Amino acid sequence: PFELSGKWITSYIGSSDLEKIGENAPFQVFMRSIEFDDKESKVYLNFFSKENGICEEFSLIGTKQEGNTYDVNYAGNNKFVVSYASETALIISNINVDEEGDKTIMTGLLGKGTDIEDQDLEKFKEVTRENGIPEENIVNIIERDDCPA
Ligand SMILES: O=C(c1ccccc1)c1ccccc1
């Protein structure tokens, strides 16, 4: 039986729009935890991001929607789904529509710390590829996460 709630740290992110994931972009997200509250149909997300190269922390609350998808407001509107779950990782697929109306598809591989299991990494590359995102649009987040624990 799986527990999806708990500490989750980003290892890699892929994006159909590179403007959304480099240095200080809104979706270069360093996850810290995700709590799924199925009783209240909500999800709680805590993570760091950088603006001005300095770490900033966010705690968001999303709403459970149809088909195990969640809606959450952050740099526009987001609809995401936990596409894959193992005992060591989560792969999340997110569609963002920003304030300008531009749509971006992104994937993220999450784990319990810094030591990546290749089996989880191969699944992340396949989900990324399936979403039309090229290999070169993958950023290594563990290498860039120097925000507090
Ligand atoms: O792109 C997101 C994401 C980034 C890394 C892992 C999981 C999800 C995201 C989705 C919804 C809200 C905030 C951030």
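In what follows, every heavy atom counts, from backbone to side chain, and hydrogens, waters and symmetry copies are set aside. Note that ligands are numbered from 1 as they come in the structure, with each ligand's atoms numbered from 1 the same way. Numbering starts at 1 and runs along the sequence shown.
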J.: Can you tell me the protein heavy atom closest to atom 1 (O) of ligand 1 and the distance?
T.: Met106 SD, 2.9 Å
J.: Please identify each residue that fulfils side-chain hydrogen bond (donor to acceptor under 3.5 Å, both in side chains) with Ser11, with sequence neighbours left out.
T.: none
J.: Can you pull out the closest protein heavy atom to atom 4 (C) of ligand 1? Residue, atom name and distance to 0.1 Å, please.
T.: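 The closest heavy atom on the protein side is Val29 CB, 4.1 Å.
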J.: Show which atoms of ligand 1 fall inside a sub-4.0 Å distance from at least one heavy-atom site of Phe27.
T.: 1 (O)
J.: Just to confirm my output: which protein heavy-atom neighbour is closest to atom 6 (C) of ligand 1, and how far is it?
T.: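 Its nearest protein heavy-atom neighbour is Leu110 CD2, 3.3 Å.
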J.: Any chance you could lay out the salt bridge (charged side-chain N to carboxylate O under 4.0 Å, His left out) test for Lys125 and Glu122, step after step, and finish with the verdict?
T.: CA-CA 5 Å; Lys125 294 185 68 187; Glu122 296 300 326; 5.2 Å; no
J.: Closest non-hydrogen protein atom to atom 13 (C) of ligand 1, residue and atom name please, with distance?
T.: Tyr74 CD2, 4.1 Å
J.: Determine, step by step, whether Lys20 and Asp102 satisfy the salt bridge (charged side-chain N to carboxylate O under 4.0 Å, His left out) criterion, reporting the C-alpha distance in whole Å, the side-chain angles of both residues, the deciding distance to 0.1 Å, and the verdict.
T.: CA-CA 11 Å; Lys20 296 292 177 181; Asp102 291 334; over 6 Å; no
J.: Less than 3.5 Å apart, any donor N or O on the side chain of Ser59 or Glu57 sitting next to an acceptor on the other?
T.: no
J.: Can you name the atoms of ligand 1, numbered from 1 with element, that are less than 4.0 Å from a heavy atom of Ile92?
T.: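 Listed by number with element, the hits are 7 (C), 8 (C).
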J.: Tell me, which protein residue and heavy-atom name are nearest atom 11 (C) of ligand 1, and how many Å apart are they?
T.: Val72 CG1, 3.5 Å
J.: Compare all side-chain heavy atoms of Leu109 with those of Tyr84 and state whether any distance is below 4.5 angstrom.
T.: no
J.: Heavy atom under 4.0 Å from ligand 1: found in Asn96's side chain, backbone, both, or neither?
T.: neither
J.: Please state which protein non-hydrogen atom is closest to atom 3 (C) of ligand 1 and give its distance, to 0.1 Å?
T.: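 Checked against all protein heavy atoms, atom 3 (C) of ligand 1 sits closest to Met31 CE, 4.6 Å.
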J.: Taking atom CG as the centre, does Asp118 end up with more than 12 heavy-atom neighbours from other residues, nucleotides or ligands that are less than 6.0 angstrom away?
T.: yes
J.: Please confirm whether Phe47 and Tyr74 have ring centers closer than 6.0 angstrom.
T.: yes
